[PDB]
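Structure 1 and structure 2 below are the same protein chain in two forms, each given by itself as structure tokens.
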Structure 1
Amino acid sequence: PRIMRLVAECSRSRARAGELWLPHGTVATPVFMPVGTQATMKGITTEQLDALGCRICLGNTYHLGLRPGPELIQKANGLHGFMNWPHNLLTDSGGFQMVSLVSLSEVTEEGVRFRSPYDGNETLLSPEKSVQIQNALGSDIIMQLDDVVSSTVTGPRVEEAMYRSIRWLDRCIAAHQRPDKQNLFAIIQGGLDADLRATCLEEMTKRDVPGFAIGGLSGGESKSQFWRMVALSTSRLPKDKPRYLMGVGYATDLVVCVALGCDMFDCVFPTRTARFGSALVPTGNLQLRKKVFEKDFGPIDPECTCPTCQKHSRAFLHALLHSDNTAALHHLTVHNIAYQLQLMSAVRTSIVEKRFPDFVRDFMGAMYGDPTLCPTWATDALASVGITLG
């Protein structure tokens, strides 16, 4: 049983277009997946997400496990029912929290012990518990709990976490009580070490999990290394199965990683950047809090179809952002999710129409002024799979 149906393939590169057949409907790939952690898209109603044509978004086991609690969500007809989302849900294990909550994190082979400074009460996250929570939530795609170490750290730490992940994966595969309804995905935690990542690639692919994710790459790792570890991972991952890169949602990152064979992505960046008063455009971003956009009476992006860009000017948003009205934040959240979706949908179309390389050059001319001013890292990444920019 294969959950992804391949459609088209840019001959020059590794860029792939396809569909994920999930219990809650088909999802076109490549796909960007907005991250709403506590069963909410951080200011927008499920209707607003439904309208932006999003077919899959994320929840996070750690947060949702603590509050509101797995039992409550079960009584609530699952995460689906709770947040009234008709379409597919993917759930992170709680692995990432290790990096972000490194301070509160204690690691044993048994699991991850998490404390919160506010409340003494603590939580162990054993693979089994992570799975139990995910099974209750009823997310279409669930994720293995992995020993996630930050990309910046070096030591036997990287190696220890890499192997632990493998054992944790098996325990998760063991823990799954709902394969019929939910698809467990493995995460390649090799760090920035080629050999470790490679070794992780080998052993993990040996398990019969529906999809594979690439983890450990969400940090401030050198860009040259970032793309290489992506390339290494994709080059060894089953082609007939998804490649999900986690913690990536920047445009140039997204374009390039599709060309490096990636199929799925999640990032909190679009939704956060919005709550911080930045609005994503083809030419980077617009800091709308800044005074320049005071008499700018045009939309964020004339070419955007999202509701914000249909009815609102940059000027009005700039004034509304200085207000106490939370509405400003919502207008940006809406648009930012729209931009990412418009980008991903635009990319998929270009793969299907055998002009993905052309698309990329058009993109780079927008973002960097020219394919000329493109960052070397992206230039290297693209050339490695046979895309140059004039």
Structure 2
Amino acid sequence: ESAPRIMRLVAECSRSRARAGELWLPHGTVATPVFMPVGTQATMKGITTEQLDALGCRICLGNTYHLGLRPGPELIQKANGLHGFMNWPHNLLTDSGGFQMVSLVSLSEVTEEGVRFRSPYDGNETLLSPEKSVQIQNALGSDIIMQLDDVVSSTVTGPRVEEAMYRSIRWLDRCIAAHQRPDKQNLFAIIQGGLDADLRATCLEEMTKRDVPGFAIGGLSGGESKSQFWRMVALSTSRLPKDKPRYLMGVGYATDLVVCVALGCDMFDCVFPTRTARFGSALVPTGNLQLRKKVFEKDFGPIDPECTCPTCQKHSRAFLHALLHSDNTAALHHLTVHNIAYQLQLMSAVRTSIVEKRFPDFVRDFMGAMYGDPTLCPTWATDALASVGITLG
């Protein structure tokens, strides 16, 4: 009487909680752990979906909030849905549109009925209810659709956190009932609770009672402490079902990815690679190369001789160093292609080490290259790794 499972576990680390798996979605199989870039082209500065396809990306994020006349998710009235609008043959994960509404507008109010917004020019009100959030996602046809949740700042403390956690449970059940096409789209729940161990445990116990295809860990991209960050992640994965995906939203730093894979997470997203490129910085196994600095002026090697991305096939560090100072826009595009490929290659290398039963050794190699010697790893990541049985040498 159980719903079909979209995830297949290929290998599990004998020490940590690391998992190598496959997502079987309507638009093809996705290898996990997977970083998911933003396929939405709401930015002049970015990477096209055709280039994401060339990099091997088989699932990306896509949303329509940036379209239309008013803020909030928008219907596109396209025959082929958001896949046709994006020209994307692969998998799409679509947000609810609620986080962007309460975060960017800042004039929105959250009630039990949904997210409300009074127009700036005339005061016309747009209400984003769980019914309306799912009806839009059904029309977009995305492969994975996210629950509309009551998002609170992780730093904000008080009954508001508990209020949002219970409201997210009530909204989750509203999204389930309103969700047509469960044969084509997978609705994920979002675990709330902020930094409170008892609130998240209540949300974990309650939300896992629903038979949604996947579960997401929300409310942790905020500026909390790294100790509270990894503890809430480990708490979540310790009580989420192992036979279903775990989506940790908003984490993109290389060290945060390796640790949270070791904590049992399967899916990630973050605009960190794009923002890193705009500082003239390229992601490497040792951190990031600040290519604007003149040490690369006559450095004609690629960013990374091991990287397979087109930027490292065609352009050198010197060309990018000069391009950052003569055409900053074109250089941002080349670094964006690389930084996104580094994320893809990092996740692919993590998965290979889990399949080959050498994930703990992979983490030591990663920390040594990232921080000099694995013992120089940040204290918070040492605590998180040791809590699942990975010590650094």
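Each form is matched to the other, and the largest set of C-alpha atoms that superpose within 1.5 Å is called the rigid core. Numbers given to residues start at 1 and step along the sequence of structure 1.
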Checklist entry - Superposing on the rigid core, which residue among 364, 351, 337, 41 shifts its Cα by at least 2 Å between structure 1 and structure 2? => result 41
Next on the checklist: Tell me whether residue 53 is among the residues that move between structure 1 and structure 2 (Cα shift of 2 angstroms or more, core superposed).
Outcome noted: no
Next on the checklist: Once both forms sit on the same rigid core, is the C-alpha displacement of residue 154 at or above 2 Å between structure 1 and structure 2?
Outcome noted: no
Checklist entry - Once you line up the core, how about residue 27: does its CA shift reach 2 Å between structure 1 and structure 2? => result no
Next on the checklist: Given the rigid core as reference frame, how large is the C-alpha shift of residue 290 between structure 1 and structure 2? Answer in angstrom.
Outcome noted: 3.4
Checklist entry - After superposition on the rigid core, what is the displacement of the C-alpha atom of residue 67 between structure 1 and structure 2, in Å? => result 7.3
Checklist entry - Taking the rigid core as the frame, how far in Å does the Cα of residue 257 move between structure 1 and structure 2? => result 0.2
